[PDB]
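*Asks:* This one's experimental. Sequence and coordinates below.
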Amino acid sequence: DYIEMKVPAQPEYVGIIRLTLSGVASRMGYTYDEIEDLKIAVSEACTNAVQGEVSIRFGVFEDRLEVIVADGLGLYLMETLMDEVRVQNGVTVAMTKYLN
Amino acid sequence: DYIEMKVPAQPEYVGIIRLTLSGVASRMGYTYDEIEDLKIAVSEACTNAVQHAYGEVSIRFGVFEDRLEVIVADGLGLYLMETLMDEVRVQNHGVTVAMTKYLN
Amino acid sequence: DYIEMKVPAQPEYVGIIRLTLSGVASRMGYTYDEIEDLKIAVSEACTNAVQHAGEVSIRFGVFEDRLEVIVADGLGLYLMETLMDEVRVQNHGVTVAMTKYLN
Amino acid sequence: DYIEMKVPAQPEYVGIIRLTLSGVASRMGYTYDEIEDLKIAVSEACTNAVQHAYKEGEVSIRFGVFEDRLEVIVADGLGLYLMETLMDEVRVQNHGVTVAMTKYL
Amino acid sequence: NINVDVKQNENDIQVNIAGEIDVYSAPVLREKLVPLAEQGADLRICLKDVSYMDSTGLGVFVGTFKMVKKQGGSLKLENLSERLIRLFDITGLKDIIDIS
Amino acid sequence: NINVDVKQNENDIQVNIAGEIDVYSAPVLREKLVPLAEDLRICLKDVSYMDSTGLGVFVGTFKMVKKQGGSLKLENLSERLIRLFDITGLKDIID
Amino acid sequence: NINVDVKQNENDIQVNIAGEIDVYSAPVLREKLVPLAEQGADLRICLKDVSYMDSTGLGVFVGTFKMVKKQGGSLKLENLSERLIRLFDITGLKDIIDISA
Amino acid sequence: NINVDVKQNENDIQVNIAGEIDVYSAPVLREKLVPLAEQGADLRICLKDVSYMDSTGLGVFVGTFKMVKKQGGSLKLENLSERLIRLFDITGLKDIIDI
């Protein structure tokens, strides 16, 4: 349920994060279209996060995937592509997406 | 520079680690054969972790300027690890596996 | 410009037809979505051909504006006709001619 | 079983041949390394044909799929070297040229 | 070619298809999937890793929907790539065969 | 990580981009495409991933193209990618 | 993440395995192959489409080898990658289990 | 096709080649990298993403080696698949060209 990753706060690693996410999401049944959408969203969160170290927490529940990023052009993208987004203020991003 | 991960000690989640590792080794510049070797070795470490746990498993990839250092913590495989990698050490009290493969 | 293929009238070889078609279509500029649509349509023509007989002849005419595929010796016709920009049929064996204008 | 293709003596169509061969190669059951060698050899023969018909074309290629071996025939100095070393048997005849090679499973 | 993976749990059969469903391989799928259908199971078929399909796959599938209804089962299709639902729609076949 | 292929013929530039446009690569793309902006055709057939940073360098170079009178076309865009341009409402503006 | 396709005709069984064979997936593979080995039949298992393999797969394969020998049958593994044949070699299982490409 | 990405910093210029290098695409590669040989600065060519290469690809590579040597520069190739190195070795080019 609890997945954790820590990357240096540098751009290079968003791909790595996307990669792990693609993995977690692939095990769900999240269709390829969905997993691509998820990469967009999580990469947006991580990109704003770097812009040090970056902490990413995947919570894999029954029907819900929860991504948590911690230490403006994009935020629209997150909200539209995802089902629920929150913020806290240091910055922390919250993300959740339902099943189709 | 280092990467850190924590995963539930369940078999399902070993692939996730394989993917991260594969990404890192490709980014660093290892041969195809070498990156496949890393997948075998680190997956073997994690396999022993899951089996000898049941739990949860911690992994730290250290990407050094010229070598990858893998650290797994919470027997054909141990031969496989020791064979495919350049240096492996083990310590227990719970076990921690450290393995490094040189970039060339 | 004209590419021509001849394969045994066997189902195994319809994949090969698709593979060459994907190549020919890729060089031209067709989108991935368009090239998959092309494979479904060309593959339906060839399926009817194998289930007809043998050997199956396929001729790709690669033009400036269009790709024209001609294959020779109810569910499927709709697919060809819907996915292609023009579909034509003739008898006596069978010949399917289809064109898709790349836009 | 035989496969036949005819392409304009143009460089762009050389890629098409490798591609088709690749399918024909994998279906009959060659190694990855064998299928990659096959692409090199067939593509070199086709390069030779295009560069010949350059001066004055059409190029015909026929894949013969047998139980033990794949027989490639292309018709209209390094490259012939690659052809000869990467294949199991190579024959050449004029006339332009018709190059024949076989690779065994 | 094609890969057909049948897993039967809780008197419920789950087939995973991977590969091409065309004129060549559809007889294989008919042979594999018709003895499962003509014994009124509830079938779930995954087309997540199907890379290609044309009307021959649709034909084999409607035949198995028929035998499922005749012998008293269900038929569900799941994790379909964007293109496959598009084919089931344009073919006017989504009207009856399940999709998810 | 990313590959940008420029061909300059007839005061007309054709760029083919293949790879990922994320936070890591978008500075590289901006730095490559800015000497061209300050008539462009860009091919994204082989772009595998893009987020807000790619669109950001694109909007900057589109602004640069309108300011210097040139052209800007985007072509062979994947249906999923073009749909992304719709959701951001940029299909109407930049093709 | 794995596809095991068994086609059985007249005591000759052809399994095609596609995907990844590790600690998560190996139980699935054993469940598929063990009733088949216990049949004394002739297994032909195609490893053309295996994307990954480690000792856990090797274990299910040596177990299937013993199970087939124990019940009076045969076992052949076919169309293996250069790298997979190297994996079977490293462990000295190339010696025990018939293998080809 | 082919994608050729040239980056020139302080005359330490790196080409990244991705795709197929055949009779069709090798002229394009030569056209792109010949002005690079003329300044004859230290260039490194990365064939990490080369999917196919033929004698026509070897031909543009030897043409660029000669042209780089004439203007006083260097030529490095890296990194090549074990299979690409074998392709260079069989042609008796492994000894002459850097890798």
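*Replies:* Yes, it's here. Numbering: from 1, shown residues only, chains lettered A, B, ... in the order given.
*Asks:* After the helix or strand harbouring residue A:21, which helix or strand is next?
*Replies:* Element membership for residue A:21 (DSSP states H and E) is helix A:13-28. Note on helix A:13-28: by DSSP H and E, the next helix or strand toward the C-terminus is helix A:32-50.
*Asks:* Pull the contacting residues for residue A:1.
*Replies:* A:59, A:60, A:61, B:8 (Cβ atoms under 8 Å, 6 or more residues apart in numbering or on different chains). C-beta here means a position set from N, CA and C on the backbone, and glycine is covered the same way.
*Asks:* nearest spatial neighbour of the second one, skipping sequence neighbours?
*Replies:* Spelled out, it's residue A:60. When the adjacent residues along the chain are set aside, residue A:60 lies closest to residue A:1, with 5.6 Å between them (Cβ to Cβ, 6 or more residues apart in numbering or on different chains).
*Asks:* The third one now?
*Replies:* In space, not counting the residues next to it along the chain, residue A:61 is nearest to residue A:1; the distance is 6.7 Å by Cβ to Cβ, 6+ apart.
*Asks:* now do residue A:24
*Replies:* residue A:58 (5.2 Å).
*Asks:* residue ranges of the strands in chain E, please?
*Replies:* Ranges of strands within chain E are E:2-9, E:12-21, E:42-53, E:74-78, based on DSSP state E.
*Asks:* which residues touch the longest one?
*Replies:* It refers to strand E:42-53. A:29, A:31-32, C:18, C:36, C:39-40, E:11-22, E:33, E:36-37, E:57, E:61, E:64, E:68, E:73-81, E:84, E:87, G:3.
*Asks:* swap in the first one?
*Replies:* The contact list for strand E:2-9 (Cβ under 8 Å, 6+ apart) reads E:13-21, E:25, E:28-29, E:32-33, E:36, E:41, G:2-5, G:16, G:18, G:49.
*Asks:* Tell me the strands beside the host helix or strand of residue A:56, with direction?
*Replies:* Per DSSP H and E, residue A:56 falls inside strand A:53-60. Strand A:53-60 sits in its sheet next to strand A:2-8 (antiparallel), strand A:65-70 (antiparallel), going by DSSP bridges.
*Asks:* Format those strands as CSV; extra columns: mean neighbour count.
*Replies:* CSV is the format used below for these (neighbours: other Cβ atoms under 10 Å in any protein chain shown):
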stretch, mean neighbour count
strand A:2-8, 18
strand A:65-70, 20
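*Asks:* Distance from the helix ranked longest in chain E to the middle of the chain?
*Replies:* Taking DSSP state H as the criterion, chain E has its longest helix at helix E:55-70. A distance of 7 Å separates the centroid of the chain from that of helix E:55-70, by Cα atoms, centre = their mean, to the nearest Å.
*Asks:* ditto for stretch E:42-49
*Replies:* 6 Å.
*Asks:* Now do the contacts for the nearest residue to residue E:64 once chain neighbours are set aside.
*Replies:* For residue E:64, ignoring the flanking residues on the chain, the nearest one in space by Cβ to Cβ, 6+ apart is residue E:37 at 4.4 Å. The contact partners of residue E:37, by Cβ under 8 Å, 6+ apart, come to E:43, E:64, E:67, E:68, E:71, E:73, E:75.
*Asks:* my guess is residue A:87 contacts residue A:94, does it?
*Replies:* Yes - counting by Cβ atoms under 8 Å, residue A:94 is a contact partner of residue A:87 at 7.1 Å.
*Asks:* Just the closest residue of chain E to chain D, please.
*Replies:* Closest to chain D within chain E is residue E:1: 8.7 Å, counting by Cβ to the nearest Cβ.
*Asks:* wait, isn't that residue in contact with residue E:20?
*Replies:* Yes - using Cβ under 8 Å as the test, residue E:1 is close enough to residue E:20 to be in contact (7.0 Å).
*Asks:* Show me which of the two is the more surrounded one.
*Replies:* Using other Cβ atoms under 10 Å in any protein chain shown, the more surrounded residue of residue E:1 and residue E:20 is residue E:20, with 22 against 17.
*Asks:* okay, now the closest residue to the more buried one other than its chain neighbours: neighbour count?
*Replies:* Ranked by Cβ to Cβ, 6+ apart and with sequence neighbours excluded, the top spatial neighbour of residue E:20 is residue E:52, at 4.5 Å. As a burial measure, residue E:52 scores 19 neighbours (other Cβ under 10 Å).
*Asks:* which residues touch the residue nearest to residue A:24?
*Replies:* Here residue A:58 is in contact with A:3, A:4, A:5, A:20, A:21, A:24, A:65, A:66, A:67, A:68 (criterion: Cβ under 8 Å, 6+ apart).
*Asks:* ok, 10 Å please
*Replies:* A:1-5, A:17, A:20-21, A:23-25, A:42, A:65-68, A:95, B:7, B:16 (Cβ atoms under 10 Å, 6 or more residues apart in numbering or on different chains).
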